[PDB]
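Report on the following structure.
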Protein chains: 2
Amino acid sequence: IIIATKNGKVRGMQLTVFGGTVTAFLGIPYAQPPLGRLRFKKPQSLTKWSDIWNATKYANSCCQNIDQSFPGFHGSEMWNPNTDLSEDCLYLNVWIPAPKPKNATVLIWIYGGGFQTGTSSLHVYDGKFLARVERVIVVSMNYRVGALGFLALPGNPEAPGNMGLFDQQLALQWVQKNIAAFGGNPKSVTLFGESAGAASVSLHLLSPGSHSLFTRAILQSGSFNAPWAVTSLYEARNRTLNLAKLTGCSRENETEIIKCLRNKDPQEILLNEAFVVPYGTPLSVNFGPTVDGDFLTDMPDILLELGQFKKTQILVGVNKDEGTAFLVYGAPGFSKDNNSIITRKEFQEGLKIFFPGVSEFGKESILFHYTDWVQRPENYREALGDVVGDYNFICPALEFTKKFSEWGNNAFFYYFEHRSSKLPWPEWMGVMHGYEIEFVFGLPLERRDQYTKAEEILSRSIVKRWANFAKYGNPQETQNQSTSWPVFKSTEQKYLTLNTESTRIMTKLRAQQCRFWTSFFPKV
Amino acid sequence: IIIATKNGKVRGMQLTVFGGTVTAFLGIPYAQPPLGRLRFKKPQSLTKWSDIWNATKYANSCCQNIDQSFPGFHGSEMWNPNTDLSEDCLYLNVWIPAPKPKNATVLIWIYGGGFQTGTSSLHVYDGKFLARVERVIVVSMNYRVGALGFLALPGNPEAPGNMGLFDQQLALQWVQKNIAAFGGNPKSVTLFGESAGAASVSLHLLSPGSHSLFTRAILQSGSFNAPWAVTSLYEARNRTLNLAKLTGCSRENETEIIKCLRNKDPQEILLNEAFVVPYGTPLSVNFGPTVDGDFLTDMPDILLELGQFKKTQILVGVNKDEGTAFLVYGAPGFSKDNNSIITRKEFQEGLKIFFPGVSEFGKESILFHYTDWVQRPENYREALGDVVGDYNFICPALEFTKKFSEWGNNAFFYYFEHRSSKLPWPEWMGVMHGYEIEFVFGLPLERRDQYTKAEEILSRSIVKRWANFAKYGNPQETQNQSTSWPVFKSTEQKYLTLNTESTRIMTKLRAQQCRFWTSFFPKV
Ligand SMILES: *[C@@H]1O[C@H](CO[C@H]2O[C@@H](C)[C@@H](O)[C@@H](O)[C@@H]2O)[C@@H](O[C@@H]2O[C@H](CO)[C@@H](O)[C@H](O)[C@H]2NC(C)=O)[C@H](O)[C@H]1NC(C)=O
Ligand SMILES: *[C@@H]1O[C@H](CO[C@H]2O[C@@H](C)[C@@H](O)[C@@H](O)[C@@H]2O)[C@@H](O[C@@H]2O[C@H](CO)[C@@H](O)[C@H](O)[C@H]2NC(C)=O)[C@H](O)[C@H]1NC(C)=O
Ligand SMILES: *[C@@H]1O[C@H](CO[C@H]2O[C@@H](C)[C@@H](O)[C@@H](O)[C@@H]2O)[C@@H](O[C@@H]2O[C@H](CO)[C@@H](O)[C@H](O)[C@H]2NC(C)=O)[C@H](O)[C@H]1NC(C)=O
Ligand SMILES: *[C@@H]1O[C@H](CO[C@H]2O[C@@H](C)[C@@H](O)[C@@H](O)[C@@H]2O)[C@@H](O[C@@H]2O[C@H](CO)[C@@H](O)[C@H](O)[C@H]2NC(C)=O)[C@H](O)[C@H]1NC(C)=O
Ligand SMILES: *[C@@H]1O[C@H](CO[C@H]2O[C@@H](C)[C@@H](O)[C@@H](O)[C@@H]2O)[C@@H](O)[C@H](O)[C@H]1NC(C)=O
Ligand SMILES: *[C@@H]1O[C@H](CO[C@H]2O[C@@H](C)[C@@H](O)[C@@H](O)[C@@H]2O)[C@@H](O)[C@H](O)[C@H]1NC(C)=O
Ligand SMILES: *[C@@H]1O[C@H](CO)[C@@H](O)[C@H](O)[C@H]1NC(C)=O
Ligand SMILES: *[C@@H]1O[C@H](CO)[C@@H](O)[C@H](O)[C@H]1NC(C)=O
Ligand SMILES: *[C@@H]1O[C@H](CO)[C@@H](O)[C@H](O)[C@H]1NC(C)=O
Ligand SMILES: *[C@@H]1O[C@H](CO)[C@@H](O)[C@H](O)[C@H]1NC(C)=O
Ligand SMILES: *[C@@H]1O[C@H](CO)[C@@H](O)[C@H](O)[C@H]1NC(C)=O
Ligand SMILES: *[C@@H]1O[C@H](CO)[C@@H](O)[C@H](O)[C@H]1NC(C)=O
Ligand SMILES: [Cl-]
Ligand SMILES: [Cl-]
Ligand SMILES: [Cl-]
Ligand SMILES: [Cl-]
């Protein structure tokens with residue numbers, strides 16, 4: 001199977017999925033390799049090839065540091081890259097139903113990883129189930145991460161910032177130009193992403209250059225108003241110069257810092273990213289999106305508040321225990337290998353880990369708000385996870401959703417509360433960050449994979465709802481006497497819970513907690 | 001002029017006021033003197049006299065401690081009692097227009113003084129101007145204050161608590177039974193009071209026993225939800241027993257503590273009131289209203305929240321600088337005799353004076369909320385006064401008004417912002433607590449008294465508005481092209497400013513401050 005694209009022919013491969021066939025085109029190039037003088041620059045458009053590009057395997061993942069905290073452990077290792085790392089990493093994947101569809105809706109996946117890590121070739125991002133079961137086309141891209149994707153000296157085209165967001169955008173352009181050849185509808189394109197991938201989706205909603213590149217958006221556990229999502233111009237400058245210092249690249253001329261950094265081995269840039277900040281946290285984003293005057297024209301909070309964004313439907317949600325994953329990456333008393341019963345003093349020390357530049361009063365205020373107990377040994381352990389999840393994911397997603405919906409558009413909010421039967425992490429971590437993704441991609445639809453029957457049913461329902469959102473703007477499951485998913489409006493704030501037992505309509509998720517983070521805490 | 005009352009004849013006296021005449025009956029008894037075995041008991045009804053009771057001078061003021069902080073100084077001394085102190089103090093005053101009116105509306109004044117001090121014979125409470133100018137009848141009563149008015153051991157008729165509130169109530173009953181003989185309408189009775197007198201008015205709104213004793217209510221700088229206004233049953237017990245200790249009255253039997261206290265000289269009870277608490281403040285109310293199961297059937301906050309109160313119109317207001325008066329009664333760096341520029345550390349020490357049993361985090365939170373400066377030497381001095389005024393008077397009056405109006409009734413709120421040209425206190429204290437009162441009573445209507453012309457005009461307008469509220473439920477001045485006073489509703493929260501220059505309709509008084517006190521601070 002060979003498809004002709006604007007830049008040349010690509011050969012795919014046939015896959016058997018559930019007694020049917022999917023065609024996969026893995027590793028199509030969508031930009032010039034950003035090597036040499038192109039390092040730190042916006043991606044440059046790719047010129048024609050002749051002969052057939054073989055898109056029959058996943059391409060290189062972008063250069064990135066790896067999580068070495070738990071070698072041999074599937075819970076962490078499943079997120080590490082599974083393809084060689086290389087600066088030559090600007091590739092995308094396409095999965096299409098067979099037979100070729102006529103005008104299929106397109107789902108474009110944007111991975112998370114804190115803007116520092118990630119790749120589209122992870123097993124939990126495999127678009128073949130969606131293509132098979134819902135007859136949508138799935139596209140995913142690799143984009144640059146870390147300093148190589150996000151180093152900024154604002155205004156300077158040698159290192160303007162947001163390069164990895166421009167990579168995403170150019171892959172969106174590729175779909176616009178090329179997807180009809182694969183049987184796709186460029187006028188029916190939904191972005192979906194998790195964590196930094198969801199924050200990215202929310203920035204494409206804000207970016208005038210992305211407005212005509214997609215139709216609708218799905219935000220899983222992330223949005224640009226999250227505290228980790230956008231680097232200030234002040235932080236970015238200091239981090240860029242710190243990185244120059246650490247590599248011997250400190251210079252009088254800023255265009256000469258960049259020239260120097262372009263001579264460094266990728267591996268030397270990677271080694272020094274960790275230290276560009278005095279204190280870090282398990283949620284640090286050393287190199288992330290900045291207000292660059294190009295992708296992002298103003299501080300995104302101002303854009304959101306004043307309604308300057310693409311007017312379309314959004315689907316947004318979070319997991320019940322967003323904060324737990326992070327606690328084993330440095331909070332005292334915590335271990336994935338015991339029940340992590342901590343004391344008051346450990347709790348207090350954990351706040352120092354998660355809120356390093358925060359006044360003592362700021363920290364006491366967190367403790368005040370989260371330790372009014374309803375005695376119980378896991379009180380403090382539970383409070384720290386909620387602190388981290390509410391601050392970093394849940395309250396920001398809910399505020400994004402309120403503010404976005406106030407401008408007239410339909411929004412749907414979910415609260416995912418199912419723990420995978422196969423989860424390798426301990427029970428105390430509950431419904432973790434990242435662990436809805438396999439349900440969205442339909443992994444539990446595979447009977448060989450040993451998920452429960454209740455999990456097959458949940459995943460089939462989520463898959464259908466996501467697909468209906470993409471095709472029709474409305475994440476209903478219309479056939480199986482399912483709970484209707486109400487629109488989220490800033491007054492009632494109705495959301496849908498996703499679980500194997502009973503799906504419920506609820507209101508005002510974490511009302512009391514989010515008043516704290518959203519209205520008090522930003523003042524300290 | 002001799003009027004026959006249910007309990008006997010009373011002779012009044014004629015007064016010349018503004019080229020006209022008022023009849024004053026000063027010092028009519030309304031209960032049995034609460035002496036001897038009646039000390040600490042509810043007031044007992046008075047039996048008939050023959051011959052003519054001469055109500056031609058003010059009666060004794062109730063026993064109370066005096067403000068000795070500033071001897072010789074009119075600013076403080078004008079609030080001290082101006083009649084002999086005596087346990088024999090249950091008397092009231094009546095001022096009536098001449099000629100005798102036919103069915104005049106009645107204004108009943110309830111003085112403030114923290115429930116510890118006060119008397120109806122103060123010059124600034126002289127009802128003759130109102131009677132003259134508006135042809136209303138004015139009534140005022142003395143009620144017991146301090147431990148003699150409010151000592152409680154709940155349930156025990158020897159000392160049930162709220163005795164001074166029962167004194168007020170019995171004087172309300174006297175007006176019901178007797179005012180028609182003076183030309184008054186018992187079906188048109190408005191209560192008005194300032195500070196503890198306004199808190200009292202707000203408790204009569206809650207008390208089933210007072211419901212048929214009045215029509216409408218005016219609350220000047222006070223309401224029962226103020227932090228100083230209601231003593232917990234826990235505080236009351238401890239204070240009663242502390243007082244017993246300090247007087248040698250500690251006993252096994254509680255009815256024997258009271259018997260013992262009844263043998264003490266009034267003057268010995270007074271000397272020990274100050275110490276019944278370990279820490280006090282300039283706003284301490286050692287002996288005040290309690291939930292006694294009789295006057296007050298439940299915690300008044302519950303009654304207010306759940307709409308269990310007299311359904312009628314209210315007029316409520318506060319002064320611009322409620323908090324300043326108190327700062328010279330113990331805050332470091334403050335003096336009525338210099339400009340009281342204080343430092344951060346003095347500010348912090350002042351919080352300790354005003355918030356003695358409050359956690360360090362509680363205090364830091366106050367400081368956080370009030371020291372975000374918009375440098376300026378008077379920053380800290382101004383912040384402390386606002387802290388004290390917002391917490392103790394303004395935010396509580398506004399919350400009372402919101403909650404009360406949510407039940408359907410018209411409410412009118414004012415913000416009094418005129419500083420008396422004659423004020424003896426320094427300019428930095430601004431528009432002080434207590435200093436609207438002379439405008440309400442029409443003192444500036446007296447040309448001999450050397451107030452400005454702008455002050456005569458302001459007082460004449462307030463007088464008319466207060467009188468119209470009493471007679472008609474609507475505090476308008478209809479004749480002189482005046483600003484219309486809108487109803488206060490919990491959504492718009494419109495209020496009227498009272499000043500000599502420009503009277504304005506404004507909204508959401510101290511919105512940001514009161515969110516702090518009303519919604520955060522009660523948690524610490
Ligand atoms: C901006 O960066 C400076 C630089 O300090 C850093 O030097 C880098 C090359 C890197 O190795 C990094 O780890 C190191 O901290 C920061 O100043 C430092 O601040 C810390 C803590 O306040 C102090 O211990 C150091 O004295 C100080 N270092 C120097 C050399 O000045 C600074 O914190 C940072 N500013 C922001 C916005 O975070
Ligand atoms: C849960 O484990 C933590 C984490 O650290 C430990 O991991 C264990 C599984 C074990 O292999 C141990 O050797 C390893 O150090 C425990 O916290 C540790 O416990 C003690 C006393 O508090 C200290 O020696 C360590 O500093 C501390 N580590 C950290 C990172 O804080 C924790 O006590 C344990 N909790 C249980 C069993 O409930
Ligand atoms: C209830 O009252 C007690 C009694 O203490 C008081 O004794 C009284 C007769 C009187 O002189 C008063 O000034 C004195 O404080 C309070 O206990 C006291 O608390 C303070 C400060 O915490 C301590 O310094 C004392 O040790 C302690 N005194 C005694 C003898 O126990 C107590 O504070 C109070 N409770 C409440 C609700 O405020
Ligand atoms: C305003 O006066 C205060 C109050 O105390 C003083 O009253 C003055 C009018 C004067 O007679 C003085 O003798 C009397 O003690 C001043 O605070 C005082 O100032 C000094 C230094 O801060 C200390 O000696 C006192 O402890 C302190 N008193 C109190 C109660 O805190 C204050 O400095 C003054 N401020 C000015 C002039 O701006
Ligand atoms: C494919 O359908 C096109 C329009 O369908 C889409 O309309 C969009 C506005 C959006 O709402 C999508 O979700 C809809 O599905 C049509 O214009 C094209 O011509 C079609 N192309 C084909 C059949 O080749
Ligand atoms: C005096 O007027 C009485 C009624 O007037 C009042 O009606 C109340 C319900 C209240 O709204 C007041 O503010 C009104 O002024 C009437 O019943 C009496 O009979 C009158 N008594 C006389 C003239 O002696
Ligand atoms: C692409 O794959 C085809 C079919 O397997 C092969 O014949 C061709 O040589 C390939 N091109 C390469 C490896 O460049
Ligand atoms: C910085 O150096 C570069 C060297 O390539 C040069 O192009 C540029 O003009 C210099 N900038 C300034 C303004 O000094
Ligand atoms: C609805 O349930 C049927 C079985 O009754 C199942 O076969 C089908 O896949 C379900 N559809 C969805 C979208 O959940
Ligand atoms: C009351 O006053 C009248 C008139 O001045 C007087 O004659 C009478 O004796 C008085 N009664 C007293 C003092 O008890
Ligand atoms: C307390 O003592 C008084 C003495 O007058 C007595 O009437 C009462 O019965 C005693 N109470 C109890 C229950 O001990
Ligand atoms: C209205 O103004 C007139 C003068 O024009 C004055 O005599 C009168 O007292 C005023 N009335 C009120 C109630 O303020
Ligand atoms: Cl600090
Ligand atoms: Cl369902
Ligand atoms: Cl403390
Ligand atoms: Cl006016």
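Letters go in sequence order (proteins before strands), and every chain restarts at 1.
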Q.
Measuring from atom CD of B:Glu417 to atom CE of B:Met506, what distance do you get when rounded to the nearest 0.5 angstrom?
A. 7.5 Å
Q: Answer yes or no: does atom NZ of B:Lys508 have more than 12 heavy-atom neighbours from other residues, nucleotides or ligands under 6.0 Å?
A: no
Q.
For residues 362-388 of chain A, give me every residue with a non-hydrogen atom less than 4.5 Å from any non-hydrogen atom of chain B.
A. A:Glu364, A:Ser365, A:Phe368
Q. Can you list the steps and then say if B:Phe393 with B:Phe326 is a ring pair (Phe, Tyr, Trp, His ring centres under 6.0 Å)?
A. CA-CA 12 Å; B:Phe393 298 97; B:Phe326 304 91; 5.8 Å; yes
Q.
Less than 6.0 angstrom from the centroid, inside 45 degrees of the normal: does A:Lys523 satisfy that with respect to the ring of A:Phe521?
A. no
Q | B:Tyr415 and B:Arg510 side chains, donor-acceptor separation under 3.5 Å | A | yes
Q.
Which residues in residues 396-412 of chain A have any heavy atom closer than 4.5 Å to a heavy atom of chain B?
A. none
Q.
Any side-chain to backbone donor/acceptor pair from A:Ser340 onto A:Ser335? Under 3.5 Å, distance only.
A. yes
Q.
Could you go through A:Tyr391 and A:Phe354, starting from their C-alpha distance and side-chain angles, then the distance that decides it, and tell me whether this counts as ring pair (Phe, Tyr, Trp, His ring centres under 6.0 Å)?
A. CA-CA 10 Å; A:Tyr391 173 57; A:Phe354 285 99; 9.7 Å; no
Q. Is there a side chain to side chain contact (heavy atoms under 4.5 Å, CB included) between A:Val230 and A:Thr290 once you walk through the steps?
A. CA-CA 6 Å; A:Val230 180; A:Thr290 48; 5.8 Å; no
Q.
With a 6.0 Å cut-off (strictly less than), is the heavy-atom count around NZ of B:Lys489, excluding the residue itself, greater than 12?
A. no
